[PDB]
């Protein structure tokens, strides 16, 4: 996780600034998804903790937090210290909790952000307690249980020693148990229901054996999938990430895509038949071709599988990427198109005209998952607020 912009740095989101490639962030879609989830949960439903780790799933926590604050969302889940800093700087005053285990250095240097940590081992909890004591403060903690079987951040109560450790963790000075959680490893109802049943037993035992009061403890287990498909996993709070960005169960179409990936043509070059394109001469032109040179490569997070079948949108038509991906450049065959000029907009992910590069298309390649792609896209390219560009708006 990188350094994020300082409070006074407002470069990101600006549309006029030159960018070799960029993410078009649809704030409206994000705000729609939040309200859509609210309506689903109702006014008596569980509280929402917007998960915005990895710089808001590549959408930019700096750009999205204001929407979360406006919606009165009480909780935000992040991963890095920088994400916590930005969240606070952008006006979030609710519960800020880390959704992963953190290093001692991270925990100690995150104190200024008044955030809450996640613990799943005695030694870790003891280290965090030591930090709290040395800084004469209190660190709220969520107890991660391995009820669902993720075996990542959670303590496993199937081990006798782990049960003893769990109870010991609760009594450490410097930290305060304010929540109990688990996490589902499989997006399948039967599997989730299995873990859910076990989590009810585990959380009940911890509350009882640990003598914790329910009014002081937030119980939460559900991610996007469980929130939508298994409402019995609501408990006190839900932890939706993907669905907030339109990247969850596709058939729930009410949740809209928030991000689009774009670039521009740098140059259109003319090459004779027989020529090869890119490193290692892997693609051979079967005819005199005009190739559009695009100023992004695998260092910009695009087509890191150097020889994968790929298409981009120009003039609302799908045109093929040819040759291996270079570090900073890719070539596209625009021989069938006419009037392609430098500066012409290209869509790598999203809609253009009546065409669209969909998550379904990009994931056609084995091993491809969009979540990985766009977090890296986001980290390696500037972001621009969609509605700021209104060349095609119709309000007067």
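Numbering follows the first chain given and starts at 1.
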Item to check | Entry-level comparison of average CA B-factors, 6 to 14 and 19 to 27, reporting the higher stretch | outcome: 6 to 14
Checklist entry - As stated in the PDB record, which stretch has the larger average Cα B-factor, 53 to 61 or 34 to 42? => result 34 to 42
Next on the checklist: Maximum C-alpha temperature factor per the entry, among 362, 340, 348, 330, belongs to which one?
Outcome noted: 362
Next on the checklist: Checking the record values for 323, 179, 77, 231, which has the greatest CA B factor?
Outcome noted: 231
Next on the checklist: Which third, lowest, middle or highest, does the C-alpha temperature factor of residue 136 belong to within its own chain?
Outcome noted: highest
Item to check | Chain thirds of CA B-factor: placement of residue 210 | outcome: highest
Checklist entry - Where does residue 295 sit by CA temperature factor within its chain: lowest, middle or highest third? => result lowest
Item to check | Ranked C-alpha temperature factor of residue 220 among modelled chain residues, by third | outcome: lowest
Checklist entry - So where's residue 156 on the chain's Cα temperature factor ranking, which third? => result highest
